[PDB]
>>> print(open('protein.txt').read())   # compact mmCIF, C-alpha atoms and all ligand atoms
# COMPACT_ATOMS: atom_id res chain seq x y z
CA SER B 26 9.57 24.93 13.05
CA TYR B 27 8.03 21.50 12.69
CA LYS B 28 7.62 19.24 9.73
CA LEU B 29 4.25 18.11 8.57
CA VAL B 30 4.91 15.07 6.45
CA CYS B 31 1.88 13.79 4.61
CA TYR B 32 1.72 10.40 2.99
CA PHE B 33 -0.86 9.86 0.24
CA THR B 34 -1.59 6.82 -1.90
CA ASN B 35 -2.16 5.78 -5.45
CA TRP B 36 -5.08 3.40 -4.70
CA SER B 37 -7.43 6.02 -3.25
CA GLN B 38 -8.10 7.20 -6.80
CA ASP B 39 -10.23 4.07 -7.41
CA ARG B 40 -12.59 4.98 -4.61
CA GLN B 41 -16.00 6.44 -5.04
CA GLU B 42 -16.81 9.83 -3.66
CA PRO B 43 -16.07 10.97 -1.22
CA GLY B 44 -13.02 8.69 -0.80
CA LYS B 45 -11.94 9.57 -4.32
CA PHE B 46 -8.55 11.23 -4.22
CA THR B 47 -6.02 12.37 -6.81
CA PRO B 48 -2.88 14.43 -6.30
CA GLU B 49 -4.95 17.27 -7.77
CA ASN B 50 -6.83 17.20 -4.43
CA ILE B 51 -3.68 18.25 -2.53
CA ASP B 52 -3.32 21.64 -0.95
CA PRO B 53 0.19 22.92 -1.65
CA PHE B 54 0.39 24.78 1.68
CA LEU B 55 -1.15 22.13 3.84
CA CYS B 56 2.02 20.15 4.55
CA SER B 57 5.76 20.73 4.53
CA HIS B 58 6.43 17.35 2.87
CA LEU B 59 4.43 15.12 0.57
CA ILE B 60 5.23 11.40 0.19
CA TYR B 61 3.81 9.33 -2.66
CA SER B 62 2.88 5.73 -1.84
CA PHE B 63 4.14 3.50 -3.32
CA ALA B 64 6.73 2.98 -6.03
CA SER B 65 7.83 -0.42 -7.36
CA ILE B 66 11.01 -2.23 -8.33
CA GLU B 67 11.29 -3.87 -11.72
CA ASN B 68 14.69 -5.09 -13.00
CA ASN B 69 16.46 -3.83 -9.85
CA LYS B 70 15.19 -0.41 -10.93
CA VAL B 71 12.64 2.14 -9.69
CA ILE B 72 9.30 2.55 -11.50
CA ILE B 73 5.78 3.68 -10.75
CA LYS B 74 2.84 1.38 -11.40
CA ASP B 75 0.01 3.84 -11.52
CA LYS B 76 -2.20 4.47 -14.53
CA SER B 77 -2.06 8.12 -13.45
CA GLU B 78 1.74 8.20 -13.23
CA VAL B 79 2.06 10.92 -15.88
CA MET B 80 -0.65 13.22 -14.52
CA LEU B 81 1.03 12.89 -11.14
CA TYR B 82 4.26 14.36 -12.55
CA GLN B 83 2.22 17.22 -13.87
CA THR B 84 0.67 17.75 -10.47
CA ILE B 85 4.01 17.60 -8.68
CA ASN B 86 5.32 20.53 -10.82
CA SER B 87 2.14 22.58 -10.24
CA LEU B 88 2.38 21.94 -6.55
CA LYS B 89 6.02 23.04 -6.28
CA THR B 90 5.45 25.98 -8.57
CA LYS B 91 2.69 27.21 -6.23
CA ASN B 92 4.80 26.39 -3.16
CA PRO B 93 8.54 26.59 -3.79
CA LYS B 94 9.14 25.47 -0.12
CA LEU B 95 7.32 22.23 -0.80
CA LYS B 96 9.21 18.96 -0.74
CA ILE B 97 7.79 15.89 -2.39
CA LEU B 98 9.28 12.49 -1.74
CA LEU B 99 8.85 9.07 -3.18
CA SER B 100 8.17 6.09 -0.99
CA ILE B 101 9.06 2.44 -1.50
CA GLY B 102 7.55 -0.33 0.57
CA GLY B 103 4.43 -0.63 2.65
CA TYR B 104 2.82 -3.52 4.35
CA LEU B 105 1.89 -5.33 1.12
CA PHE B 106 5.26 -4.82 -0.57
CA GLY B 107 6.55 -6.70 2.40
CA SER B 108 10.12 -7.97 2.49
CA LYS B 109 9.60 -9.87 -0.82
CA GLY B 110 9.36 -6.71 -2.93
CA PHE B 111 12.97 -5.81 -2.10
CA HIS B 112 14.20 -9.15 -3.60
CA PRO B 113 16.17 -9.63 -5.69
CA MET B 114 17.38 -5.99 -5.64
CA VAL B 115 19.02 -6.19 -2.20
CA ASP B 116 20.76 -9.53 -2.73
CA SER B 117 24.05 -7.97 -3.83
CA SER B 118 25.84 -4.66 -4.08
CA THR B 119 25.66 -4.86 -7.84
CA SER B 120 21.87 -5.03 -7.98
CA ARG B 121 21.73 -2.57 -5.12
CA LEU B 122 23.98 -0.16 -7.02
CA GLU B 123 21.87 -0.62 -10.15
CA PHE B 124 18.93 0.47 -8.01
CA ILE B 125 20.57 3.38 -6.29
CA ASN B 126 21.51 4.86 -9.61
CA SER B 127 17.96 4.37 -10.94
CA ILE B 128 16.73 6.33 -7.95
CA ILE B 129 18.97 9.30 -8.47
CA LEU B 130 18.12 9.61 -12.15
CA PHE B 131 14.43 9.01 -11.41
CA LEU B 132 14.00 11.65 -8.74
CA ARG B 133 15.87 14.28 -10.76
CA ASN B 134 13.98 13.60 -13.95
CA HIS B 135 10.67 13.84 -12.07
CA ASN B 136 11.32 16.54 -9.60
CA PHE B 137 11.16 14.52 -6.44
CA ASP B 138 13.16 15.84 -3.51
CA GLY B 139 14.07 12.57 -1.88
CA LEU B 140 13.14 9.04 -1.04
CA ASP B 141 11.28 7.33 1.75
CA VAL B 142 12.08 3.69 2.44
CA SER B 143 9.25 2.15 4.42
CA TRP B 144 10.26 -1.45 4.61
CA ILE B 145 7.66 -3.60 6.38
CA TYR B 146 9.57 -5.16 7.99
CA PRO B 147 13.25 -5.97 7.94
CA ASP B 148 12.84 -8.06 11.11
CA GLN B 149 15.68 -10.43 11.99
CA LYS B 150 16.17 -11.84 8.47
CA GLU B 151 16.63 -8.53 6.65
CA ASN B 152 18.05 -6.33 9.38
CA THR B 153 21.41 -6.46 7.68
CA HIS B 154 20.08 -5.83 4.15
CA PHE B 155 17.95 -2.90 5.24
CA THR B 156 20.85 -1.31 7.12
CA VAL B 157 23.19 -1.75 4.15
CA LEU B 158 20.72 -0.45 1.62
CA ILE B 159 20.09 2.66 3.67
CA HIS B 160 23.78 3.32 4.06
CA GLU B 161 24.50 2.86 0.35
CA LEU B 162 21.67 5.30 -0.53
CA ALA B 163 22.73 7.81 2.08
CA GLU B 164 26.29 7.74 0.68
CA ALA B 165 25.27 7.82 -2.97
CA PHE B 166 23.03 10.79 -2.16
CA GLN B 167 25.80 12.64 -0.45
CA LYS B 168 28.21 11.76 -3.26
CA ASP B 169 25.72 13.01 -5.87
CA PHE B 170 25.27 16.32 -4.02
CA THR B 171 29.04 16.74 -4.10
CA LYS B 172 28.71 17.12 -7.93
CA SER B 173 25.53 19.17 -7.96
CA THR B 174 23.92 22.60 -8.24
CA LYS B 175 20.78 21.03 -6.72
CA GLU B 176 19.86 20.47 -3.08
CA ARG B 177 20.58 16.95 -2.04
CA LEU B 178 18.19 14.13 -2.12
CA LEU B 179 16.56 13.54 1.26
CA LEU B 180 16.38 10.11 2.71
CA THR B 181 13.71 9.08 5.19
CA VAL B 182 12.22 5.85 6.41
CA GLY B 183 8.84 4.62 7.70
CA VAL B 184 9.71 2.59 10.79
CA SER B 185 7.92 0.34 13.29
CA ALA B 186 6.51 1.78 16.49
CA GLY B 187 6.44 -1.83 17.86
CA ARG B 188 9.11 -2.45 20.51
CA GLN B 189 10.01 -6.00 19.52
CA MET B 190 9.93 -5.23 15.80
CA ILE B 191 12.25 -2.30 16.48
CA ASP B 192 14.58 -4.56 18.43
CA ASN B 193 14.72 -7.13 15.58
CA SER B 194 14.77 -4.81 12.50
CA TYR B 195 16.97 -1.81 13.18
CA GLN B 196 20.48 -0.58 13.96
CA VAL B 197 19.24 2.80 15.18
CA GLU B 198 22.49 4.67 15.70
CA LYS B 199 23.49 3.89 12.13
CA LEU B 200 20.05 4.94 10.98
CA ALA B 201 20.45 8.24 12.85
CA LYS B 202 23.42 9.14 10.65
CA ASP B 203 22.09 7.96 7.31
CA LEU B 204 18.46 9.21 7.50
CA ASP B 205 17.42 12.83 7.54
CA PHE B 206 14.46 11.68 9.72
CA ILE B 207 12.22 8.76 10.58
CA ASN B 208 8.55 8.67 9.87
CA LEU B 209 7.48 6.89 13.02
CA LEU B 210 4.62 4.53 12.24
CA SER B 211 2.91 5.10 15.59
CA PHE B 212 -0.33 3.42 14.94
CA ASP B 213 -1.63 -0.07 14.27
CA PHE B 214 -1.00 -0.77 17.96
CA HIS B 215 -4.27 -2.70 18.18
CA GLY B 216 -6.55 -4.32 15.63
CA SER B 217 -8.42 -7.44 14.60
CA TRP B 218 -5.30 -9.58 13.97
CA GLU B 219 -4.83 -9.92 17.72
CA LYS B 220 -5.18 -13.13 19.80
CA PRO B 221 -7.03 -13.13 22.07
CA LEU B 222 -9.35 -11.08 19.95
CA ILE B 223 -10.31 -8.06 22.05
CA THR B 224 -11.11 -4.40 21.34
CA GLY B 225 -8.13 -2.10 21.50
CA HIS B 226 -7.34 1.34 20.13
CA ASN B 227 -5.29 1.73 16.92
CA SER B 228 -3.19 4.67 18.10
CA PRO B 229 -3.16 5.32 21.86
CA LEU B 230 -1.09 8.19 23.14
CA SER B 231 -0.62 6.72 26.57
CA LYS B 232 -0.74 3.43 28.41
CA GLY B 233 -4.08 1.77 29.09
CA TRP B 234 -5.14 1.11 32.69
CA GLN B 235 -5.40 -2.58 31.77
CA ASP B 236 -2.03 -2.49 30.01
CA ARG B 237 0.53 -4.62 31.77
CA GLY B 238 3.82 -6.12 30.60
CA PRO B 239 4.38 -5.80 26.89
CA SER B 240 1.02 -4.12 26.39
CA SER B 241 2.68 -1.13 28.18
CA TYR B 242 4.66 -0.76 24.99
CA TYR B 243 1.71 -0.34 22.65
CA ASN B 244 1.27 3.36 22.71
CA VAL B 245 2.75 6.38 21.11
CA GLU B 246 4.45 7.87 24.18
CA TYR B 247 6.34 4.67 24.66
CA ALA B 248 7.27 4.20 20.98
CA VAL B 249 8.63 7.72 20.64
CA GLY B 250 10.62 7.45 23.90
CA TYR B 251 12.14 4.09 22.94
CA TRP B 252 13.41 5.45 19.64
CA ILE B 253 15.10 8.35 21.42
CA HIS B 254 16.55 5.93 23.98
CA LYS B 255 17.91 3.66 21.25
CA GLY B 256 19.79 6.60 19.70
CA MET B 257 17.56 8.60 17.38
CA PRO B 258 17.79 12.32 18.17
CA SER B 259 14.38 13.72 18.96
CA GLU B 260 14.23 16.17 16.02
CA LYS B 261 14.72 13.28 13.58
CA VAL B 262 11.63 11.70 15.03
CA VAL B 263 8.60 12.66 12.95
CA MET B 264 5.53 11.40 14.72
CA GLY B 265 2.96 9.43 12.82
CA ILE B 266 -0.70 10.18 13.35
CA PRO B 267 -3.47 8.25 11.65
CA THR B 268 -6.50 9.53 9.75
CA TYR B 269 -8.16 6.11 9.97
CA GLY B 270 -9.47 3.91 12.79
CA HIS B 271 -9.51 0.17 13.54
CA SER B 272 -12.91 -1.46 13.89
CA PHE B 273 -14.23 -4.55 15.72
CA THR B 274 -17.47 -6.54 15.65
CA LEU B 275 -18.44 -7.10 19.26
CA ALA B 276 -18.94 -10.70 20.45
CA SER B 277 -20.79 -9.96 23.69
CA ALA B 278 -22.40 -6.93 25.34
CA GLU B 279 -19.25 -5.41 26.83
CA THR B 280 -18.47 -2.19 24.96
CA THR B 281 -15.28 -1.50 26.86
CA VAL B 282 -11.64 -1.65 25.89
CA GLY B 283 -10.63 -5.29 26.04
CA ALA B 284 -14.20 -6.38 25.36
CA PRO B 285 -14.31 -9.62 23.41
CA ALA B 286 -14.70 -9.26 19.60
CA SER B 287 -16.05 -11.78 17.07
CA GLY B 288 -13.94 -10.22 14.31
CA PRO B 289 -13.04 -7.00 12.44
CA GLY B 290 -15.73 -4.31 12.10
CA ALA B 291 -18.18 -4.11 9.19
CA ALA B 292 -16.46 -2.76 6.05
CA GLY B 293 -16.87 0.94 5.31
CA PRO B 294 -19.00 1.62 2.21
CA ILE B 295 -16.10 3.50 0.54
CA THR B 296 -12.95 1.72 1.68
CA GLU B 297 -14.67 -1.70 1.50
CA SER B 298 -12.19 -3.23 3.92
CA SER B 299 -13.26 -4.70 7.23
CA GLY B 300 -11.09 -3.73 10.19
CA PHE B 301 -10.62 -0.08 9.34
CA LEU B 302 -12.48 3.05 8.41
CA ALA B 303 -11.28 6.27 6.91
CA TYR B 304 -12.17 9.43 8.80
CA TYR B 305 -14.72 10.49 6.20
CA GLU B 306 -16.48 7.14 6.91
CA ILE B 307 -16.03 7.46 10.68
CA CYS B 308 -18.02 10.72 10.63
CA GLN B 309 -21.04 8.90 9.18
CA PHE B 310 -20.60 6.10 11.74
CA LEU B 311 -20.55 8.60 14.58
CA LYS B 312 -24.13 9.66 13.87
CA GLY B 313 -26.07 7.70 16.50
CA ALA B 314 -23.00 6.25 18.22
CA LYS B 315 -21.87 6.87 21.76
CA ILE B 316 -18.37 8.19 22.08
CA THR B 317 -16.00 7.84 24.98
CA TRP B 318 -12.80 9.76 25.55
CA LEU B 319 -10.23 7.59 27.27
CA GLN B 320 -8.58 9.48 30.10
CA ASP B 321 -5.80 6.92 30.53
CA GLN B 322 -5.04 6.66 26.83
CA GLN B 323 -6.08 10.14 25.62
CA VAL B 324 -8.04 9.18 22.50
CA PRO B 325 -11.68 8.35 21.68
CA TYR B 326 -13.63 5.25 20.84
CA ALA B 327 -17.17 4.96 19.53
CA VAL B 328 -19.81 2.23 19.80
CA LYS B 329 -22.90 1.81 17.68
CA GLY B 330 -24.80 -1.50 17.90
CA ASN B 331 -22.19 -4.28 17.80
CA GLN B 332 -19.60 -2.03 16.10
CA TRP B 333 -16.63 -0.63 18.09
CA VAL B 334 -14.40 1.93 16.40
CA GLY B 335 -11.12 3.16 17.94
CA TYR B 336 -10.13 6.35 16.14
CA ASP B 337 -8.36 9.71 16.12
CA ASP B 338 -10.23 13.08 16.11
CA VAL B 339 -9.49 16.80 16.27
CA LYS B 340 -9.10 16.64 20.01
CA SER B 341 -6.36 13.98 19.77
CA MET B 342 -4.71 15.86 16.92
CA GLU B 343 -4.21 18.84 19.25
CA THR B 344 -3.37 16.56 22.18
CA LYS B 345 -0.71 14.64 20.21
CA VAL B 346 0.77 17.86 18.87
CA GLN B 347 1.26 19.21 22.38
CA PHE B 348 3.04 15.98 23.33
CA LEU B 349 5.37 16.00 20.31
CA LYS B 350 6.37 19.61 21.04
CA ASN B 351 6.90 18.82 24.71
CA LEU B 352 9.31 16.11 23.62
CA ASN B 353 11.11 18.25 20.99
CA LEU B 354 10.15 16.02 18.14
CA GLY B 355 10.80 16.91 14.52
CA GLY B 356 7.14 17.17 13.73
CA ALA B 357 4.12 15.27 12.63
CA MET B 358 3.54 12.60 10.04
CA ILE B 359 0.11 11.59 8.67
CA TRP B 360 -1.05 8.30 7.33
CA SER B 361 -2.61 9.28 5.06
CA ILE B 362 -4.05 12.61 3.92
CA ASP B 363 -6.38 10.83 1.48
CA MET B 364 -8.33 9.27 4.39
CA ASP B 365 -8.90 12.58 6.09
CA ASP B 366 -12.12 14.22 4.90
CA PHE B 367 -10.27 16.10 2.20
CA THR B 368 -13.44 17.19 0.27
CA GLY B 369 -15.00 18.53 3.52
CA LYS B 370 -18.33 16.93 2.47
CA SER B 371 -18.73 14.21 5.17
CA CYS B 372 -17.71 15.70 8.53
CA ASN B 373 -18.86 19.24 7.70
CA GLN B 374 -15.76 20.63 9.38
CA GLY B 375 -14.16 22.01 6.19
CA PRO B 376 -11.53 20.29 4.10
CA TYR B 377 -8.85 18.19 5.81
CA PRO B 378 -10.27 18.76 9.26
CA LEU B 379 -7.71 16.53 11.06
CA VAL B 380 -4.58 17.56 9.17
CA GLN B 381 -5.78 21.13 9.24
CA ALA B 382 -6.01 20.92 13.04
CA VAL B 383 -2.49 19.53 13.14
CA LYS B 384 -1.16 22.40 11.04
CA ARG B 385 -2.85 24.90 13.33
CA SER B 386 -1.61 23.22 16.48
CA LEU B 387 2.01 23.12 15.34
CA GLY B 388 1.67 26.63 13.98
CA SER B 389 0.30 27.98 17.30
CA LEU B 390 2.61 29.53 19.92
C1 LIG B 401 3.99 -13.37 14.62
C2 LIG B 401 2.82 -12.66 15.25
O1 LIG B 401 1.77 -13.27 15.38
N1 LIG B 401 3.00 -11.38 15.62
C3 LIG B 401 1.98 -10.54 16.26
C4 LIG B 401 1.84 -9.19 15.51
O2 LIG B 401 0.70 -9.28 14.68
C5 LIG B 401 1.77 -7.93 16.40
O3 LIG B 401 2.38 -6.80 15.78
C6 LIG B 401 1.49 -5.97 15.00
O4 LIG B 401 1.28 -6.58 13.75
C7 LIG B 401 0.47 -5.85 12.86
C8 LIG B 401 0.19 -6.75 11.66
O5 LIG B 401 1.38 -7.33 11.19
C9 LIG B 401 1.15 -4.55 12.47
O6 LIG B 401 0.24 -3.87 11.63
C10 LIG B 401 0.87 -3.25 10.50
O7 LIG B 401 1.53 -2.08 10.89
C11 LIG B 401 2.17 -1.37 9.87
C12 LIG B 401 2.76 -0.19 10.66
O8 LIG B 401 3.85 -0.65 11.43
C13 LIG B 401 1.17 -1.03 8.75
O9 LIG B 401 1.75 -0.60 7.56
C14 LIG B 401 1.83 0.85 7.46
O10 LIG B 401 0.71 1.53 7.97
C15 LIG B 401 -0.43 1.67 7.16
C16 LIG B 401 -1.70 1.50 8.02
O11 LIG B 401 -1.91 0.16 8.44
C17 LIG B 401 -0.38 0.77 5.93
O12 LIG B 401 -1.49 1.09 5.15
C18 LIG B 401 -1.96 -0.04 4.39
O13 LIG B 401 -1.26 -0.10 3.18
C19 LIG B 401 -1.70 -1.06 2.27
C20 LIG B 401 -0.74 -1.00 1.09
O14 LIG B 401 0.53 -1.49 1.50
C21 LIG B 401 -3.13 -0.78 1.88
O15 LIG B 401 -3.61 -1.75 0.96
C22 LIG B 401 -4.34 -1.07 -0.10
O16 LIG B 401 -5.72 -0.90 0.21
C23 LIG B 401 -6.75 -1.60 -0.44
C24 LIG B 401 -7.22 -2.80 0.39
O17 LIG B 401 -7.25 -2.54 1.79
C25 LIG B 401 -6.44 -2.00 -1.90
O18 LIG B 401 -7.57 -1.69 -2.69
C26 LIG B 401 -5.19 -1.29 -2.43
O19 LIG B 401 -4.89 -1.61 -3.80
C27 LIG B 401 -4.04 -1.65 -1.49
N2 LIG B 401 -2.77 -1.08 -1.92
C28 LIG B 401 -1.64 -1.76 -2.19
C29 LIG B 401 -0.42 -0.94 -2.57
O20 LIG B 401 -1.56 -2.99 -2.14
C30 LIG B 401 -4.04 -0.66 3.08
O21 LIG B 401 -5.28 -0.14 2.67
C31 LIG B 401 -3.41 0.27 4.11
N3 LIG B 401 -4.18 0.38 5.33
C32 LIG B 401 -4.68 1.58 5.65
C33 LIG B 401 -5.50 1.67 6.89
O22 LIG B 401 -4.51 2.61 4.97
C34 LIG B 401 0.88 1.00 5.13
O23 LIG B 401 1.03 -0.08 4.24
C35 LIG B 401 2.13 1.14 5.99
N4 LIG B 401 2.77 2.43 5.79
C36 LIG B 401 4.09 2.61 5.60
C37 LIG B 401 4.58 4.02 5.39
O24 LIG B 401 4.93 1.70 5.58
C38 LIG B 401 0.39 -2.22 8.27
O25 LIG B 401 -0.72 -1.87 7.49
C39 LIG B 401 -0.19 -2.93 9.45
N5 LIG B 401 -0.77 -4.19 9.09
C40 LIG B 401 -2.05 -4.45 9.20
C41 LIG B 401 -2.46 -5.86 8.89
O26 LIG B 401 -2.90 -3.63 9.52
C42 LIG B 401 1.44 -3.75 13.76
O27 LIG B 401 2.19 -2.58 13.54
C43 LIG B 401 2.15 -4.60 14.80
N6 LIG B 401 2.11 -3.93 16.08
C44 LIG B 401 3.17 -3.64 16.81
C45 LIG B 401 2.90 -2.97 18.13
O28 LIG B 401 4.32 -3.88 16.48
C46 LIG B 401 2.55 -8.17 17.69
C47 LIG B 401 2.66 -6.94 18.61
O29 LIG B 401 4.00 -6.74 19.05
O30 LIG B 401 1.96 -9.26 18.36
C48 LIG B 401 2.35 -10.48 17.76
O31 LIG B 401 1.77 -11.56 18.47
>>> encode(input="protein.txt", output="structure tokens", more="lines below")
Ligand SMILES: CC(=O)N[C@@H]1[C@@H](O)[C@H](O[C@@H]2O[C@H](CO)[C@@H](O[C@@H]3O[C@H](CO)[C@@H](O[C@@H]4O[C@H](CO)[C@@H](O[C@@H]5O[C@H](CO)[C@@H](O[C@@H]6O[C@H](CO)[C@@H](O)[C@H](O)[C@H]6NC(C)=O)[C@H](O)[C@H]5NC(C)=O)[C@H](O)[C@H]4NC(C)=O)[C@H](O)[C@H]3NC(C)=O)[C@H](O)[C@H]2NC(C)=O)[C@@H](CO)O[C@H]1O
Amino acid sequence: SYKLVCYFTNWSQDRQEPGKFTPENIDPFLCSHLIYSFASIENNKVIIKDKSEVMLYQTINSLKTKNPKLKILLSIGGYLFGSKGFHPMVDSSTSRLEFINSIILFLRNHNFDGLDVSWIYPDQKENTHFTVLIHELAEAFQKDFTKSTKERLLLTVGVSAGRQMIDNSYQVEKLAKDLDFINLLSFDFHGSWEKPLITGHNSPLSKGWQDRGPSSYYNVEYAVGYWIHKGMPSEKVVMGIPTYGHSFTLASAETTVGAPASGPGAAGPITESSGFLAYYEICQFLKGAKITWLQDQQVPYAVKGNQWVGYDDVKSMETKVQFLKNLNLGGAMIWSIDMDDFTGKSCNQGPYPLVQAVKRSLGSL
């Protein structure tokens, strides 16, 4: 009994094949939870800015018709929403209450089962506001369920896997009460924003051999453990796994971890964004590359020419799943199913090779 919580996005629809994803591409039995990314906030109220908003509602109802066990949530936030997106809604209880009531009506009208708040990030400044908003939602949700024939709206949150960010942003014990679970964002541990600019893996399970001091923090094992230590019960920890990798353009001839990089990797042809590659792009890149499995860190990286791609593959799916079960975690979260090879047409491994491996690994006694 593990959750498989699957984020998907509303921007992947503008991609060319085979990055071209709509909710209609979703398998109703693939995951236990679906989270739509992202909603917006206009007039201290919840909306959806998506030209496919209405067809999405239609797909939601089809999905839940085919799988009555399926739970679909709505997410607010993300890296680009930032902290700014939550202003001015959080600035007072009045505007906050206006919001919380928009949410309840919204989710009921549209057949969502809860809400994800993935605020990136509260940090020091907004620690208080984030805490308060979560508590007011949690309470309003409970209150609403008091007067209901419906199951109660679930509340989750996408949270930092970064030690310092966790220290600055969260009151964990409070969070443990208010949230049904965290979606631990246990990736983006390394990437081309770093200084000094050196190759590093986006989502390492374990410590690197060269990791010392606060680099010892930048792995999944650590992140997960620190959350539990800070108060979050293990079963409320839902462990994020990525379907993308972080890329680097190599400065010199070192191809190792910690090798100097001139900048982010060449942009994928489909995701057109230098620094990362979806898995369906990674599979093309792997043709003619040399791949190394890191023993220390338990994940692969691939080199082809001056390109260095740290990524996650079927082998790390199964490896990460064993770890999360060993630690009695609540399950697995995926960012994002629409960057797996969902069509099956690039990796020739069937549809959703990575997520499918995760399902199987959780499902296996
Ligand atoms: C002060 C200082 O110097 N501090 C240093 C500091 O940098 C180090 O800490 C590290 O910082 C980095 C960067 O700030 C952190 O990286 C961020 O990590 C979070 C996770 O914690 C990421 O956000 C979530 O995760 C995914 C994957 O990255 C996010 O996905 C992105 O979402 C956006 C939308 O919001 C996507 O944009 C869309 O895509 C295209 C263009 O790319 C466009 O066409 C679309 O229209 C656009 N959509 C929208 C809505 O605008 C983007 O594609 C996508 N990326 C991918 C791969 O899918 C998602 O937003 C987040 N999910 C949820 C849920 O919230 C965040 O993306 C990521 N930022 C960057 C830049 O990659 C890092 O976590 C942090 N590390 C640690 C360990 O804490 C510290 C280290 O301590 O050192 C200091 O020195």
>>> residues_around(input="protein.txt", residues="region 234-238 of chain B", least_positions_apart="3", cutoff="12 Å", atoms="all atoms listed in the file", output="list in words")
residues 188, 225, 226, 229, 231, 241, 242, 243, 244, 281, 282, 283, 284, 319, 320, 321, 322 and 323 of chain B
>>> atom_distance(input="protein.txt", atom1="CA of residue 62 (chain B)", atom2="CA of residue 34 (chain B)")
4.6 Å
>>> residues_near_ligand(input="protein.txt", ligand="ligand LIG 401 (chain B)", cutoff="7 Å", atoms="all atoms listed in the file", output="compact mmCIF listing (two decimals) with C-alpha atoms, in the coordinates of the input")
# COMPACT_ATOMS: atom_id res chain seq x y z
CA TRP B 36 -5.08 3.40 -4.70
CA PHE B 63 4.14 3.50 -3.32
CA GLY B 102 7.55 -0.33 0.57
CA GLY B 103 4.43 -0.63 2.65
CA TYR B 104 2.82 -3.52 4.35
CA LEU B 105 1.89 -5.33 1.12
CA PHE B 106 5.26 -4.82 -0.57
CA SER B 143 9.25 2.15 4.42
CA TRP B 144 10.26 -1.45 4.61
CA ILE B 145 7.66 -3.60 6.38
CA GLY B 183 8.84 4.62 7.70
CA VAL B 184 9.71 2.59 10.79
CA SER B 185 7.92 0.34 13.29
CA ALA B 186 6.51 1.78 16.49
CA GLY B 187 6.44 -1.83 17.86
CA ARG B 188 9.11 -2.45 20.51
CA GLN B 189 10.01 -6.00 19.52
CA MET B 190 9.93 -5.23 15.80
CA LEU B 210 4.62 4.53 12.24
CA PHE B 212 -0.33 3.42 14.94
CA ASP B 213 -1.63 -0.07 14.27
CA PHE B 214 -1.00 -0.77 17.96
CA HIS B 215 -4.27 -2.70 18.18
CA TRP B 218 -5.30 -9.58 13.97
CA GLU B 219 -4.83 -9.92 17.72
CA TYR B 243 1.71 -0.34 22.65
CA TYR B 269 -8.16 6.11 9.97
CA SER B 298 -12.19 -3.23 3.92
CA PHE B 301 -10.62 -0.08 9.34
CA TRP B 360 -1.05 8.30 7.33
CA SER B 361 -2.61 9.28 5.06
>>> residues_around(input="protein.txt", residues="region 371-384 of chain B", least_positions_apart="3", cutoff="8 Å", atoms="all atoms listed in the file", output="PDB file with C-alpha atoms, in the frame of the given file")
ATOM      1  CA  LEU B  29       4.250  18.110   8.570  1.00  0.00           C
ATOM      2  CA  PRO B  43     -16.070  10.970  -1.220  1.00  0.00           C
ATOM      3  CA  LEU B  55      -1.150  22.130   3.840  1.00  0.00           C
ATOM      4  CA  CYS B  56       2.020  20.150   4.550  1.00  0.00           C
ATOM      5  CA  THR B 268      -6.500   9.530   9.750  1.00  0.00           C
ATOM      6  CA  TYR B 305     -14.720  10.490   6.200  1.00  0.00           C
ATOM      7  CA  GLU B 306     -16.480   7.140   6.910  1.00  0.00           C
ATOM      8  CA  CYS B 308     -18.020  10.720  10.630  1.00  0.00           C
ATOM      9  CA  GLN B 309     -21.040   8.900   9.180  1.00  0.00           C
ATOM     10  CA  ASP B 338     -10.230  13.080  16.110  1.00  0.00           C
ATOM     11  CA  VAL B 339      -9.490  16.800  16.270  1.00  0.00           C
ATOM     12  CA  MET B 342      -4.710  15.860  16.920  1.00  0.00           C
ATOM     13  CA  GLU B 343      -4.210  18.840  19.250  1.00  0.00           C
ATOM     14  CA  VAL B 346       0.770  17.860  18.870  1.00  0.00           C
ATOM     15  CA  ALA B 357       4.120  15.270  12.630  1.00  0.00           C
ATOM     16  CA  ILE B 359       0.110  11.590   8.670  1.00  0.00           C
ATOM     17  CA  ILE B 362      -4.050  12.610   3.920  1.00  0.00           C
ATOM     18  CA  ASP B 365      -8.900  12.580   6.090  1.00  0.00           C
ATOM     19  CA  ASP B 366     -12.120  14.220   4.900  1.00  0.00           C
ATOM     20  CA  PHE B 367     -10.270  16.100   2.200  1.00  0.00           C
ATOM     21  CA  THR B 368     -13.440  17.190   0.270  1.00  0.00           C
ATOM     22  CA  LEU B 387       2.010  23.120  15.340  1.00  0.00           C
ATOM     23  CA  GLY B 388       1.670  26.630  13.980  1.00  0.00           C
TER      24      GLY B 388
END
>>> atom_distance(input="protein.txt", atom1="CA of residue 259 (chain B)", atom2="CA of residue 168 (chain B)")
26.2 Å
>>> atom_distance(input="protein.txt", atom1="CA of residue 120 (chain B)", atom2="CA of residue 70 (chain B)")
8.6 Å
>>> residues_around(input="protein.txt", residues="residue 352 (chain B)", least_positions_apart="3", cutoff="10 Å", atoms="only C-alpha atoms", output="list in words")
residues 246, 249, 250, 253, 259, 260, 262, 346, 347, 348, 349 and 355 of chain B
>>> closest_residue(input="protein.txt", among="B:86, B:217, B:92, B:224", to="residue 134 (chain B)", atoms="only C-alpha atoms")
B:86
>>> closest_residue(input="protein.txt", among="B:303, B:161, B:88, B:146", to="residue 119 (chain B)", atoms="all atoms listed in the file")
B:161
>>> residues_near_point(input="protein.txt", point="(23.3, 1.3, 19.0)", cutoff="9 Å", atoms="only C-alpha atoms", output="ChimeraX atom specification")
/B:196-199,255-256
